[PDB]
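Participant: For reference, the file work-v8.pdb (PDB, C-alpha atoms and all ligand atoms) is included below:
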```pdb
ATOM      1  CA  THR D   1       3.788  -5.770  -3.102  1.00  0.00           C
ATOM      2  CA  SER D   2       5.871  -8.792  -1.690  1.00  0.00           C
ATOM      3  CA  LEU D   3       4.601  -8.871   1.975  1.00  0.00           C
ATOM      4  CA  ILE D   4       0.990  -8.036   0.909  1.00  0.00           C
ATOM      5  CA  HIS D   5       0.856 -11.163  -1.364  1.00  0.00           C
ATOM      6  CA  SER D   6       2.070 -13.390   1.552  1.00  0.00           C
ATOM      7  CA  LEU D   7      -0.534 -11.853   3.955  1.00  0.00           C
ATOM      8  CA  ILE D   8      -3.187 -12.288   1.169  1.00  0.00           C
ATOM      9  CA  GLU D   9      -2.098 -15.984   0.712  1.00  0.00           C
ATOM     10  CA  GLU D  10      -2.680 -16.656   4.451  1.00  0.00           C
ATOM     11  CA  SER D  11      -5.805 -14.416   4.861  1.00  0.00           C
ATOM     12  CA  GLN D  12      -7.611 -15.646   1.645  1.00  0.00           C
ATOM     13  CA  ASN D  13      -7.071 -19.346   2.621  1.00  0.00           C
ATOM     14  CA  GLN D  14      -8.489 -18.634   6.124  1.00  0.00           C
ATOM     15  CA  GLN D  15     -11.470 -16.669   4.625  1.00  0.00           C
ATOM     16  CA  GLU D  16     -12.079 -19.633   2.208  1.00  0.00           C
ATOM     17  CA  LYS D  17     -12.002 -21.912   5.328  1.00  0.00           C
ATOM     18  CA  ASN D  18     -14.741 -19.703   6.947  1.00  0.00           C
ATOM     19  CA  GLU D  19     -16.754 -19.977   3.657  1.00  0.00           C
ATOM     20  CA  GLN D  20     -16.167 -23.807   3.756  1.00  0.00           C
ATOM     21  CA  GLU D  21     -17.438 -23.916   7.394  1.00  0.00           C
ATOM     22  CA  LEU D  22     -20.535 -21.828   6.319  1.00  0.00           C
ATOM     23  CA  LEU D  23     -21.213 -24.496   3.608  1.00  0.00           C
ATOM     24  CA  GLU D  24     -21.082 -27.098   6.483  1.00  0.00           C
ATOM     25  CA  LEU D  25     -23.157 -24.960   8.984  1.00  0.00           C
ATOM     26  CA  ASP D  26     -26.068 -23.827   6.677  1.00  0.00           C
ATOM     27  CA  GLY D  27     -28.418 -22.628   9.504  1.00  0.00           C
ATOM     28  CA  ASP D  28     -26.468 -24.304  12.398  1.00  0.00           C
ATOM     29  CA  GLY D  29     -26.267 -20.879  14.110  1.00  0.00           C
ATOM     30  CA  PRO D  30     -27.364 -17.281  13.111  1.00  0.00           C
ATOM     31  CA  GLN D  31     -28.246 -16.466   9.433  1.00  0.00           C
ATOM     32  CA  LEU D  32     -25.795 -13.546  10.029  1.00  0.00           C
ATOM     33  CA  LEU D  33     -22.870 -16.001   9.429  1.00  0.00           C
ATOM     34  CA  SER D  34     -23.864 -16.090   5.689  1.00  0.00           C
ATOM     35  CA  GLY D  35     -23.555 -12.231   5.817  1.00  0.00           C
ATOM     36  CA  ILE D  36     -20.332 -12.098   7.942  1.00  0.00           C
ATOM     37  CA  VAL D  37     -18.358 -14.392   5.524  1.00  0.00           C
ATOM     38  CA  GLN D  38     -19.845 -12.378   2.595  1.00  0.00           C
ATOM     39  CA  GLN D  39     -18.661  -9.107   4.291  1.00  0.00           C
ATOM     40  CA  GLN D  40     -15.158 -10.601   4.991  1.00  0.00           C
ATOM     41  CA  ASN D  41     -15.115 -11.758   1.291  1.00  0.00           C
ATOM     42  CA  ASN D  42     -15.880  -8.156   0.120  1.00  0.00           C
ATOM     43  CA  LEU D  43     -13.270  -6.731   2.569  1.00  0.00           C
ATOM     44  CA  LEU D  44     -10.736  -9.382   1.316  1.00  0.00           C
ATOM     45  CA  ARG D  45     -11.535  -8.498  -2.358  1.00  0.00           C
ATOM     46  CA  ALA D  46     -10.542  -4.841  -1.611  1.00  0.00           C
ATOM     47  CA  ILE D  47      -7.152  -6.092  -0.198  1.00  0.00           C
ATOM     48  CA  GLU D  48      -6.829  -8.507  -3.227  1.00  0.00           C
ATOM     49  CA  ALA D  49      -7.389  -5.600  -5.695  1.00  0.00           C
ATOM     50  CA  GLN D  50      -5.170  -3.204  -3.614  1.00  0.00           C
ATOM     51  CA  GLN D  51      -2.465  -5.892  -4.275  1.00  0.00           C
ATOM     52  CA  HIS D  52      -2.357  -4.480  -7.892  1.00  0.00           C
ATOM     53  CA  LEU D  53      -2.926  -0.724  -7.111  1.00  0.00           C
ATOM     54  CA  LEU D  54      -0.360  -0.826  -4.228  1.00  0.00           C
ATOM     55  CA  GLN D  55       1.991  -2.473  -6.754  1.00  0.00           C
ATOM     56  CA  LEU D  56       1.467   0.069  -9.598  1.00  0.00           C
ATOM     57  CA  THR D  57       2.610   2.864  -7.187  1.00  0.00           C
ATOM     58  CA  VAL D  58       5.363   0.801  -5.439  1.00  0.00           C
ATOM     59  CA  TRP D  59       7.013  -0.523  -8.659  1.00  0.00           C
ATOM     60  CA  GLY D  60       6.115   2.956 -10.073  1.00  0.00           C
ATOM     61  CA  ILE D  61       8.678   4.678  -7.776  1.00  0.00           C
ATOM     62  CA  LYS D  62      11.260   1.821  -8.278  1.00  0.00           C
ATOM     63  CA  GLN D  63      11.058   2.475 -12.078  1.00  0.00           C
ATOM     64  CA  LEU D  64      10.865   6.330 -11.731  1.00  0.00           C
ATOM     65  CA  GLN D  65      14.030   6.473  -9.512  1.00  0.00           C
ATOM     66  CA  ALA D  66      15.957   4.748 -12.383  1.00  0.00           C
ATOM     67  CA  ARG D  67      14.675   7.450 -14.823  1.00  0.00           C
ATOM     68  CA  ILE D  68      15.837  10.191 -12.356  1.00  0.00           C
ATOM     69  CA  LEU D  69      19.253   8.332 -12.067  1.00  0.00           C
ATOM     70  CA  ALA D  70      19.781   9.016 -15.837  1.00  0.00           C
ATOM     71  CA  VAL D  71      20.231  12.755 -14.895  1.00  0.00           C
ATOM     72  CA  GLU D  72      21.183  12.461 -11.138  1.00  0.00           C
TER
ATOM     73  CA  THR P   1      -9.793   2.415 -10.065  1.00  0.00           C
ATOM     74  CA  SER P   2     -13.443   1.675 -11.134  1.00  0.00           C
ATOM     75  CA  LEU P   3     -12.909  -1.891  -9.778  1.00  0.00           C
ATOM     76  CA  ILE P   4     -11.624  -0.907  -6.245  1.00  0.00           C
ATOM     77  CA  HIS P   5     -14.614   1.515  -5.930  1.00  0.00           C
ATOM     78  CA  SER P   6     -17.061  -1.337  -6.833  1.00  0.00           C
ATOM     79  CA  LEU P   7     -15.400  -3.551  -4.142  1.00  0.00           C
ATOM     80  CA  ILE P   8     -15.627  -0.685  -1.561  1.00  0.00           C
ATOM     81  CA  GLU P   9     -19.310   0.085  -2.561  1.00  0.00           C
ATOM     82  CA  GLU P  10     -20.177  -3.658  -2.237  1.00  0.00           C
ATOM     83  CA  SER P  11     -18.352  -3.930   1.144  1.00  0.00           C
ATOM     84  CA  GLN P  12     -20.230  -0.741   2.326  1.00  0.00           C
ATOM     85  CA  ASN P  13     -23.587  -2.214   1.032  1.00  0.00           C
ATOM     86  CA  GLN P  14     -22.927  -5.556   2.767  1.00  0.00           C
ATOM     87  CA  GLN P  15     -21.859  -3.748   6.021  1.00  0.00           C
ATOM     88  CA  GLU P  16     -25.208  -1.828   5.946  1.00  0.00           C
ATOM     89  CA  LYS P  17     -26.951  -5.247   5.476  1.00  0.00           C
ATOM     90  CA  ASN P  18     -24.906  -6.896   8.321  1.00  0.00           C
ATOM     91  CA  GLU P  19     -25.650  -4.015  10.798  1.00  0.00           C
ATOM     92  CA  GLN P  20     -29.408  -4.094   9.848  1.00  0.00           C
ATOM     93  CA  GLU P  21     -29.568  -7.907  10.366  1.00  0.00           C
ATOM     94  CA  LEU P  22     -27.738  -7.464  13.752  1.00  0.00           C
ATOM     95  CA  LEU P  23     -30.536  -4.983  14.665  1.00  0.00           C
ATOM     96  CA  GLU P  24     -33.154  -7.679  13.670  1.00  0.00           C
ATOM     97  CA  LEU P  25     -31.998  -9.985  16.571  1.00  0.00           C
ATOM     98  CA  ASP P  26     -32.971  -7.264  19.133  1.00  0.00           C
ATOM     99  CA  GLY P  27     -31.382  -8.483  22.413  1.00  0.00           C
ATOM    100  CA  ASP P  28     -29.828 -11.875  23.325  1.00  0.00           C
ATOM    101  CA  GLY P  29     -28.810 -14.823  21.084  1.00  0.00           C
ATOM    102  CA  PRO P  30     -25.136 -15.264  19.917  1.00  0.00           C
ATOM    103  CA  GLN P  31     -23.766 -12.109  21.768  1.00  0.00           C
ATOM    104  CA  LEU P  32     -20.192 -12.536  20.303  1.00  0.00           C
ATOM    105  CA  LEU P  33     -21.618 -11.450  16.894  1.00  0.00           C
ATOM    106  CA  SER P  34     -22.070  -7.866  18.304  1.00  0.00           C
ATOM    107  CA  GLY P  35     -18.213  -7.646  18.251  1.00  0.00           C
ATOM    108  CA  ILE P  36     -17.736  -9.396  14.842  1.00  0.00           C
ATOM    109  CA  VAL P  37     -20.020  -6.839  13.058  1.00  0.00           C
ATOM    110  CA  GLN P  38     -18.187  -3.880  14.698  1.00  0.00           C
ATOM    111  CA  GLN P  39     -14.773  -5.365  13.685  1.00  0.00           C
ATOM    112  CA  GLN P  40     -15.802  -5.383   9.975  1.00  0.00           C
ATOM    113  CA  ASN P  41     -17.363  -1.871  10.479  1.00  0.00           C
ATOM    114  CA  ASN P  42     -13.892  -0.643  11.652  1.00  0.00           C
ATOM    115  CA  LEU P  43     -12.102  -2.681   8.880  1.00  0.00           C
ATOM    116  CA  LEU P  44     -14.531  -1.143   6.278  1.00  0.00           C
ATOM    117  CA  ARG P  45     -13.753   2.414   7.545  1.00  0.00           C
ATOM    118  CA  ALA P  46      -9.976   1.583   7.586  1.00  0.00           C
ATOM    119  CA  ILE P  47     -10.070   0.113   4.003  1.00  0.00           C
ATOM    120  CA  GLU P  48     -11.995   3.309   2.920  1.00  0.00           C
ATOM    121  CA  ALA P  49      -9.324   5.538   4.579  1.00  0.00           C
ATOM    122  CA  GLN P  50      -6.335   3.835   2.822  1.00  0.00           C
ATOM    123  CA  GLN P  51      -8.309   3.753  -0.515  1.00  0.00           C
ATOM    124  CA  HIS P  52      -8.678   7.580  -0.092  1.00  0.00           C
ATOM    125  CA  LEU P  53      -4.894   7.826   0.707  1.00  0.00           C
ATOM    126  CA  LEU P  54      -4.230   5.671  -2.439  1.00  0.00           C
ATOM    127  CA  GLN P  55      -5.440   8.550  -4.690  1.00  0.00           C
ATOM    128  CA  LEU P  56      -2.858  11.053  -3.290  1.00  0.00           C
ATOM    129  CA  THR P  57       0.086   8.613  -3.771  1.00  0.00           C
ATOM    130  CA  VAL P  58      -1.262   7.659  -7.312  1.00  0.00           C
ATOM    131  CA  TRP P  59      -1.402  11.445  -8.178  1.00  0.00           C
ATOM    132  CA  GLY P  60       2.283  11.586  -7.062  1.00  0.00           C
ATOM    133  CA  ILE P  61       3.286   8.896  -9.648  1.00  0.00           C
ATOM    134  CA  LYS P  62       1.394  11.037 -12.254  1.00  0.00           C
ATOM    135  CA  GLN P  63       3.204  14.217 -11.032  1.00  0.00           C
ATOM    136  CA  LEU P  64       6.658  12.476 -11.029  1.00  0.00           C
ATOM    137  CA  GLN P  65       6.303  10.768 -14.477  1.00  0.00           C
ATOM    138  CA  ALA P  66       5.151  14.113 -16.011  1.00  0.00           C
ATOM    139  CA  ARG P  67       7.842  16.375 -14.434  1.00  0.00           C
ATOM    140  CA  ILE P  68      10.716  13.880 -15.266  1.00  0.00           C
ATOM    141  CA  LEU P  69      10.301  15.381 -18.820  1.00  0.00           C
ATOM    142  CA  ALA P  70      11.437  18.811 -17.384  1.00  0.00           C
ATOM    143  CA  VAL P  71      14.657  17.287 -15.847  1.00  0.00           C
ATOM    144  CA  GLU P  72      16.293  17.038 -19.358  1.00  0.00           C
TER
ATOM    145  CA  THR I   1      -3.076   9.196  13.981  1.00  0.00           C
ATOM    146  CA  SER I   2      -3.668  10.695  10.424  1.00  0.00           C
ATOM    147  CA  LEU I   3      -7.164   9.560   9.404  1.00  0.00           C
ATOM    148  CA  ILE I   4      -6.172   5.870   8.812  1.00  0.00           C
ATOM    149  CA  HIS I   5      -4.685   4.823  12.189  1.00  0.00           C
ATOM    150  CA  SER I   6      -7.798   5.799  14.254  1.00  0.00           C
ATOM    151  CA  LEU I   7      -9.930   3.140  12.443  1.00  0.00           C
ATOM    152  CA  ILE I   8      -7.058   0.573  12.729  1.00  0.00           C
ATOM    153  CA  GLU I   9      -6.667   1.458  16.493  1.00  0.00           C
ATOM    154  CA  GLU I  10     -10.439   1.016  17.136  1.00  0.00           C
ATOM    155  CA  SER I  11     -10.311  -2.248  15.062  1.00  0.00           C
ATOM    156  CA  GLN I  12      -7.261  -3.407  17.166  1.00  0.00           C
ATOM    157  CA  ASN I  13      -9.118  -2.584  20.452  1.00  0.00           C
ATOM    158  CA  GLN I  14     -12.075  -4.613  19.048  1.00  0.00           C
ATOM    159  CA  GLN I  15      -9.825  -7.742  18.633  1.00  0.00           C
ATOM    160  CA  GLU I  16      -9.227  -7.737  22.444  1.00  0.00           C
ATOM    161  CA  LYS I  17     -13.052  -7.387  22.873  1.00  0.00           C
ATOM    162  CA  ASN I  18     -13.759 -10.214  20.342  1.00  0.00           C
ATOM    163  CA  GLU I  19     -11.076 -12.563  21.825  1.00  0.00           C
ATOM    164  CA  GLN I  20     -12.419 -12.104  25.436  1.00  0.00           C
ATOM    165  CA  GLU I  21     -16.009 -12.598  24.071  1.00  0.00           C
ATOM    166  CA  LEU I  22     -14.785 -15.832  22.313  1.00  0.00           C
ATOM    167  CA  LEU I  23     -12.974 -16.896  25.565  1.00  0.00           C
ATOM    168  CA  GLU I  24     -16.233 -16.320  27.560  1.00  0.00           C
ATOM    169  CA  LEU I  25     -18.535 -17.862  24.873  1.00  0.00           C
ATOM    170  CA  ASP I  26     -16.042 -20.694  24.076  1.00  0.00           C
ATOM    171  CA  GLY I  27     -18.749 -23.447  24.327  1.00  0.00           C
ATOM    172  CA  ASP I  28     -21.608 -21.807  22.317  1.00  0.00           C
ATOM    173  CA  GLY I  29     -21.945 -20.534  18.709  1.00  0.00           C
ATOM    174  CA  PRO I  30     -20.957 -21.979  15.263  1.00  0.00           C
ATOM    175  CA  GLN I  31     -17.331 -23.311  14.928  1.00  0.00           C
ATOM    176  CA  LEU I  32     -16.999 -20.772  12.038  1.00  0.00           C
ATOM    177  CA  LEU I  33     -16.992 -17.886  14.610  1.00  0.00           C
ATOM    178  CA  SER I  34     -13.677 -19.121  16.179  1.00  0.00           C
ATOM    179  CA  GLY I  35     -12.073 -18.875  12.669  1.00  0.00           C
ATOM    180  CA  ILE I  36     -13.634 -15.431  11.874  1.00  0.00           C
ATOM    181  CA  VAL I  37     -12.057 -13.863  15.073  1.00  0.00           C
ATOM    182  CA  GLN I  38      -8.582 -14.933  13.804  1.00  0.00           C
ATOM    183  CA  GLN I  39      -9.267 -14.270  10.056  1.00  0.00           C
ATOM    184  CA  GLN I  40     -10.576 -10.697  10.671  1.00  0.00           C
ATOM    185  CA  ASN I  41      -7.231 -10.077  12.530  1.00  0.00           C
ATOM    186  CA  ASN I  42      -5.414 -11.329   9.350  1.00  0.00           C
ATOM    187  CA  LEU I  43      -7.603  -8.772   7.449  1.00  0.00           C
ATOM    188  CA  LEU I  44      -6.605  -6.067  10.061  1.00  0.00           C
ATOM    189  CA  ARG I  45      -2.924  -7.132   9.663  1.00  0.00           C
ATOM    190  CA  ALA I  46      -3.296  -6.904   5.829  1.00  0.00           C
ATOM    191  CA  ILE I  47      -4.926  -3.399   6.142  1.00  0.00           C
ATOM    192  CA  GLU I  48      -2.055  -2.323   8.503  1.00  0.00           C
ATOM    193  CA  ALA I  49       0.617  -3.853   6.169  1.00  0.00           C
ATOM    194  CA  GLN I  50      -1.016  -2.097   3.152  1.00  0.00           C
ATOM    195  CA  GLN I  51      -1.107   1.157   5.248  1.00  0.00           C
ATOM    196  CA  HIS I  52       2.677   0.719   5.894  1.00  0.00           C
ATOM    197  CA  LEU I  53       3.156   0.340   2.079  1.00  0.00           C
ATOM    198  CA  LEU I  54       0.986   3.542   1.564  1.00  0.00           C
ATOM    199  CA  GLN I  55       3.428   5.246   4.033  1.00  0.00           C
ATOM    200  CA  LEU I  56       6.379   3.810   2.014  1.00  0.00           C
ATOM    201  CA  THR I  57       5.061   5.067  -1.398  1.00  0.00           C
ATOM    202  CA  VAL I  58       4.068   8.588  -0.162  1.00  0.00           C
ATOM    203  CA  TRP I  59       7.535   8.803   1.560  1.00  0.00           C
ATOM    204  CA  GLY I  60       9.095   7.378  -1.684  1.00  0.00           C
ATOM    205  CA  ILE I  61       7.415  10.155  -3.746  1.00  0.00           C
ATOM    206  CA  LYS I  62       8.959  12.880  -1.458  1.00  0.00           C
ATOM    207  CA  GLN I  63      12.444  11.236  -1.715  1.00  0.00           C
ATOM    208  CA  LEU I  64      12.061  11.017  -5.551  1.00  0.00           C
ATOM    209  CA  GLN I  65      10.646  14.615  -5.664  1.00  0.00           C
ATOM    210  CA  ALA I  66      13.659  15.947  -3.643  1.00  0.00           C
ATOM    211  CA  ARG I  67      15.949  14.497  -6.384  1.00  0.00           C
ATOM    212  CA  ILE I  68      13.679  15.548  -9.359  1.00  0.00           C
ATOM    213  CA  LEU I  69      13.423  19.172  -7.998  1.00  0.00           C
ATOM    214  CA  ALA I  70      17.274  19.344  -7.755  1.00  0.00           C
ATOM    215  CA  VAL I  71      17.561  18.952 -11.608  1.00  0.00           C
ATOM    216  CA  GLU I  72      14.188  20.240 -13.037  1.00  0.00           C
TER
HETATM  217  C1  LIG J   1      15.732   5.635  -4.780  1.00  0.00           C
HETATM  218  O1  LIG J   1      14.316   5.677  -4.673  1.00  0.00           O
HETATM  219  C2  LIG J   1      13.695   4.527  -4.242  1.00  0.00           C
HETATM  220  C3  LIG J   1      14.230   3.230  -4.426  1.00  0.00           C
HETATM  221  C4  LIG J   1      13.550   2.099  -3.931  1.00  0.00           C
HETATM  222  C5  LIG J   1      12.325   2.230  -3.241  1.00  0.00           C
HETATM  223  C6  LIG J   1      11.632   1.054  -2.677  1.00  0.00           C
HETATM  224  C7  LIG J   1      10.225   0.942  -2.740  1.00  0.00           C
HETATM  225  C8  LIG J   1       9.559  -0.151  -2.155  1.00  0.00           C
HETATM  226  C9  LIG J   1      10.287  -1.163  -1.500  1.00  0.00           C
HETATM  227  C10 LIG J   1       9.569  -2.347  -0.854  1.00  0.00           C
HETATM  228  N1  LIG J   1       9.765  -3.623  -1.559  1.00  0.00           N
HETATM  229  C11 LIG J   1       9.489  -3.707  -2.880  1.00  0.00           C
HETATM  230  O2  LIG J   1       8.711  -2.945  -3.456  1.00  0.00           O
HETATM  231  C12 LIG J   1      10.320  -4.642  -3.707  1.00  0.00           C
HETATM  232  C13 LIG J   1      11.688  -4.342  -3.871  1.00  0.00           C
HETATM  233  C14 LIG J   1      12.504  -5.067  -4.763  1.00  0.00           C
HETATM  234  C15 LIG J   1      13.949  -4.668  -4.864  1.00  0.00           C
HETATM  235  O3  LIG J   1      14.217  -3.448  -4.862  1.00  0.00           O
HETATM  236  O4  LIG J   1      14.843  -5.537  -4.818  1.00  0.00           O
HETATM  237  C16 LIG J   1      11.929  -6.125  -5.521  1.00  0.00           C
HETATM  238  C17 LIG J   1      12.671  -6.854  -6.605  1.00  0.00           C
HETATM  239  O5  LIG J   1      13.297  -6.207  -7.468  1.00  0.00           O
HETATM  240  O6  LIG J   1      12.514  -8.088  -6.707  1.00  0.00           O
HETATM  241  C18 LIG J   1      10.571  -6.457  -5.312  1.00  0.00           C
HETATM  242  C19 LIG J   1       9.752  -5.719  -4.432  1.00  0.00           C
HETATM  243  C20 LIG J   1       8.298  -6.073  -4.336  1.00  0.00           C
HETATM  244  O7  LIG J   1       7.739  -6.117  -3.214  1.00  0.00           O
HETATM  245  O8  LIG J   1       7.655  -6.285  -5.387  1.00  0.00           O
HETATM  246  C21 LIG J   1      10.113  -4.810  -0.748  1.00  0.00           C
HETATM  247  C22 LIG J   1      11.613  -4.839  -0.362  1.00  0.00           C
HETATM  248  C23 LIG J   1      11.916  -4.291   1.039  1.00  0.00           C
HETATM  249  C24 LIG J   1      11.080  -4.997   2.110  1.00  0.00           C
HETATM  250  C25 LIG J   1       9.600  -5.052   1.770  1.00  0.00           C
HETATM  251  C26 LIG J   1       8.661  -5.161   2.818  1.00  0.00           C
HETATM  252  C27 LIG J   1       7.284  -5.216   2.538  1.00  0.00           C
HETATM  253  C28 LIG J   1       6.835  -5.192   1.205  1.00  0.00           C
HETATM  254  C29 LIG J   1       7.766  -5.087   0.159  1.00  0.00           C
HETATM  255  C30 LIG J   1       9.150  -5.001   0.426  1.00  0.00           C
HETATM  256  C31 LIG J   1      11.692  -1.077  -1.455  1.00  0.00           C
HETATM  257  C32 LIG J   1      12.354   0.021  -2.038  1.00  0.00           C
HETATM  258  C33 LIG J   1      11.788   3.526  -3.080  1.00  0.00           C
HETATM  259  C34 LIG J   1      12.457   4.659  -3.584  1.00  0.00           C
END
```
Go ahead and render the structure in this file as structure tokens.
Facilitator:
Amino acid sequence: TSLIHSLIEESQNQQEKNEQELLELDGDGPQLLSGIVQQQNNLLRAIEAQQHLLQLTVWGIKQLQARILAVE
Amino acid sequence: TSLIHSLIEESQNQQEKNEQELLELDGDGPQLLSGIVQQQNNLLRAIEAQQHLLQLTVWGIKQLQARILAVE
Amino acid sequence: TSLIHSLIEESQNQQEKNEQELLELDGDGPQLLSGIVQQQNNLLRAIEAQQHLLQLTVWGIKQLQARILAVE
């Protein structure tokens, strides 16, 4: 939730900067760089999707505690 | 659920591609890249591990929201 | 160390390897690589922060379950 979106905001922008630098370095170094940014993109996309799953559970318990508080 | 698995599968696929391409430059060249690849290999295994742990905490939201109907 | 923290620990130990490799090879490679070394640490930090939220939800579920089981 909250902190994860702020760390996403910083990390995504820095990953997009590495993709920008790849689109300015198109063979100016190892071909691996077009695979490294693409790996970091796929790793980032897992964190970006976890932002919803690790929100469903987290707001899950913050709703469920208020249902328990109707009888506790 | 089906989405996070696709992102993990794609990150696993692209890690297998990145490690294979690192093997293709057999010896010297960038050097530094032999640490970059192994970072994302460890990040991939760590993202896998918390995506496995995700299921157990998701099953606990399912268990809680079901058994709250036995509290009253 | 659970499962999770061993991969994060070996990733963390790899950042010290990748930073000393970047400090040694500071005058060779694509400029992209000096942004990757920092951005993959922001990915590690996001994985660790998400792991701390996985700890918070699975703790949360036990604290909710202790209250649900006192009335069910
Ligand atoms: C009685 O049972 C429980 C009550 C509350 C919680 C619970 C769950 C998660 C959080 C974490 N959290 C939230 O989930 C959160 C809490 C609130 C709120 O309670 O005021 C709000 C809000 O209502 O705006 C928004 C968030 C969020 O991140 O989306 C924030 C606030 C604390 C600092 C922090 C650090 C890193 C990431 C997130 C968080 C805390 C307690 C668990 C069991």
Participant: Could you state which residues are captured by the PyMOL selection byres (((chain D and resi 12) around 10) and not hetatm) in this file, as a ChimeraX atom specification?
Facilitator: /D:6-11,13-18,40-41,44-45,47-48 /I:39,42-43
Participant: Can you tell me how far atom CA of residue I:50 sits from atom CA of residue I:35, in Å to one decimal?
Facilitator: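 If I compute the distance from atom CA of residue I:50 to atom CA of residue I:35, I get 22.2 Å.
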Participant: Any chance you could work out the residue set of the PyMOL selection byres (((not hetatm)) within 10 of (chain J and resi 1)) here, as a ChimeraX atom specification?
Facilitator: /D:1-6,54-66,68-69 /I:49-50,52-53,56-65,67
Participant: Can you give chain P as a tab-separated table (two decimals) with C-alpha atoms, keeping the file's coordinate frame after you superpose it on chain D, pairing all C-alpha atoms in order for the least-squares fit?
Facilitator:
```tsv
chain	number	residue	atom	x	y	z
P	1	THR	CA	6.70	-8.06	-0.87
P	2	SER	CA	7.08	-11.81	0.04
P	3	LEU	CA	5.48	-10.94	3.43
P	4	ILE	CA	2.32	-9.14	2.07
P	5	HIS	CA	1.76	-12.12	-0.32
P	6	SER	CA	1.97	-14.58	2.66
P	7	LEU	CA	-0.62	-12.44	4.55
P	8	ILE	CA	-2.91	-12.34	1.44
P	9	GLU	CA	-2.45	-16.16	0.84
P	10	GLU	CA	-3.28	-16.84	4.55
P	11	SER	CA	-6.33	-14.49	4.44
P	12	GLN	CA	-7.48	-16.26	1.18
P	13	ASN	CA	-6.91	-19.73	2.84
P	14	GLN	CA	-8.83	-18.68	5.97
P	15	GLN	CA	-11.67	-17.17	3.82
P	16	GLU	CA	-11.96	-20.55	1.97
P	17	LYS	CA	-12.12	-22.23	5.45
P	18	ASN	CA	-14.74	-19.70	6.76
P	19	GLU	CA	-17.01	-20.13	3.66
P	20	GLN	CA	-16.70	-23.99	3.90
P	21	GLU	CA	-17.61	-23.93	7.64
P	22	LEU	CA	-20.59	-21.60	6.82
P	23	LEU	CA	-21.70	-24.30	4.31
P	24	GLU	CA	-21.41	-26.95	7.14
P	25	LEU	CA	-24.30	-25.26	9.12
P	26	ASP	CA	-26.71	-25.90	6.16
P	27	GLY	CA	-29.79	-23.76	7.01
P	28	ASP	CA	-30.76	-21.97	10.26
P	29	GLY	CA	-28.69	-21.22	13.40
P	30	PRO	CA	-26.98	-17.77	13.90
P	31	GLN	CA	-28.27	-16.23	10.54
P	32	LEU	CA	-26.29	-12.93	11.06
P	33	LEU	CA	-23.07	-14.92	10.35
P	34	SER	CA	-24.17	-15.26	6.65
P	35	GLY	CA	-23.47	-11.47	6.37
P	36	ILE	CA	-20.22	-11.49	8.45
P	37	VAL	CA	-18.59	-14.12	6.13
P	38	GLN	CA	-19.60	-12.15	2.99
P	39	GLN	CA	-18.20	-8.89	4.51
P	40	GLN	CA	-14.73	-10.50	4.93
P	41	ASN	CA	-15.13	-12.08	1.41
P	42	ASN	CA	-15.59	-8.51	0.01
P	43	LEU	CA	-12.78	-7.12	2.29
P	44	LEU	CA	-10.47	-9.99	1.07
P	45	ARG	CA	-11.24	-9.14	-2.61
P	46	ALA	CA	-10.74	-5.38	-1.86
P	47	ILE	CA	-7.39	-6.00	-0.03
P	48	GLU	CA	-6.32	-8.18	-3.06
P	49	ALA	CA	-7.29	-5.35	-5.50
P	50	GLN	CA	-5.25	-2.63	-3.68
P	51	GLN	CA	-2.30	-5.11	-3.21
P	52	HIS	CA	-2.40	-5.54	-7.06
P	53	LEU	CA	-2.54	-1.69	-7.45
P	54	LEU	CA	0.44	-1.46	-5.00
P	55	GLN	CA	2.74	-3.12	-7.61
P	56	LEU	CA	2.03	-0.43	-10.29
P	57	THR	CA	2.74	2.48	-7.86
P	58	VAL	CA	5.90	0.61	-6.53
P	59	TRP	CA	7.10	0.21	-10.20
P	60	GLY	CA	6.63	4.02	-10.52
P	61	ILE	CA	9.06	4.68	-7.60
P	62	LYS	CA	11.52	2.32	-9.43
P	63	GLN	CA	10.93	4.20	-12.75
P	64	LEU	CA	11.32	7.66	-11.08
P	65	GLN	CA	14.48	6.82	-9.02
P	66	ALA	CA	16.13	5.32	-12.17
P	67	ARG	CA	15.24	8.15	-14.63
P	68	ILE	CA	16.28	10.94	-12.11
P	69	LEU	CA	19.85	9.91	-13.23
P	70	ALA	CA	18.97	11.14	-16.81
P	71	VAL	CA	17.83	14.61	-15.51
P	72	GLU	CA	21.52	15.67	-14.93
```
Participant: What's the separation between atom CA of residue D:24 and atom CA of residue I:46, in Å to one decimal place?
Facilitator: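 Separation of atom CA of residue D:24 and atom CA of residue I:46: 26.9 Å.
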Participant: Go through P:26, P:32, P:38, P:21 one by one, measure the shortest atom-to-atom distance of each to chain D using only C-alpha atoms, and give the residue with the smallest value.
Facilitator: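 The closest residue to chain D is P:21.
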Participant: Any idea what the distance is between atom CA of residue D:22 and atom CA of residue I:34?
Facilitator: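 Result for atom CA of residue D:22 versus atom CA of residue I:34: 12.3 Å, one decimal.
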Participant: List the spatial neighbours of residue P:29 as a ChimeraX atom specification - criterion: any atom at most 10 Å away, only C-alpha atoms, same-chain residues fewer than 3 positions off excluded.
Facilitator: /D:29-30 /P:25-26,32-33 /I:29
Participant: Go ahead and save the residues from that selection, with C-alpha atoms, as a CSV table (one decimal), in the coordinates of the input.
Facilitator:
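Saved file result-v7.csv follows:
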```csv
chain,number,residue,atom,x,y,z
D,29,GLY,CA,-26.3,-20.9,14.1
D,30,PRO,CA,-27.4,-17.3,13.1
P,25,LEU,CA,-32.0,-10.0,16.6
P,26,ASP,CA,-33.0,-7.3,19.1
P,32,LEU,CA,-20.2,-12.5,20.3
P,33,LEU,CA,-21.6,-11.4,16.9
I,29,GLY,CA,-21.9,-20.5,18.7
```
Participant: Of the candidates D:19, D:51, D:27, D:71, which shows the shortest atom-to-atom distance to chain P, using all atoms listed in the file?
Facilitator: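 Of the candidates, the smallest distance to chain P is held by D:71.
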